[PDB]
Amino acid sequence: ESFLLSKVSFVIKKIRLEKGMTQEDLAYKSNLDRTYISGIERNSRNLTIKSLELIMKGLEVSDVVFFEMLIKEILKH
């Protein structure tokens, strides 16, 4: 599938667990379905920037902070 997606997928989960959230909490605060949060983490779904933005707000994290961890995950071995 897509390189960037699974990275975006990975980072959303990583943060979520770092903050001791559950998918239920997250989909809560992101005002998306818990099915969608699952869908994203599970099968790296192809979300929209707007949806990503909602998730960032849900993770109680900033644009910047997210993208900084995104860059880190991309760079890894």
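From 1 onward, residues are counted along the sequence shown. Between two forms, the rigid core is defined as the largest C-alpha subset superposing within 1.5 Å.
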Farther-lying stretch by C-alpha RMS in 6 other deposited structures of this protein, rigid core as reference, of 23-31 and 37-45 = 37-45
Segment of higher mean CA temperature factor, 43-51 or 24-32 | 24-32
Using the B-factors in the PDB entry, rank residue 63's C-alpha atom against the chain and give the third, lowest, middle or highest.
-> middle
Chain thirds of CA B-factor: placement of residue 8 = lowest
Considering only modelled residues of the same chain, in which third does the CA B-factor of residue 74 rank: lowest, middle or highest?
-> highest
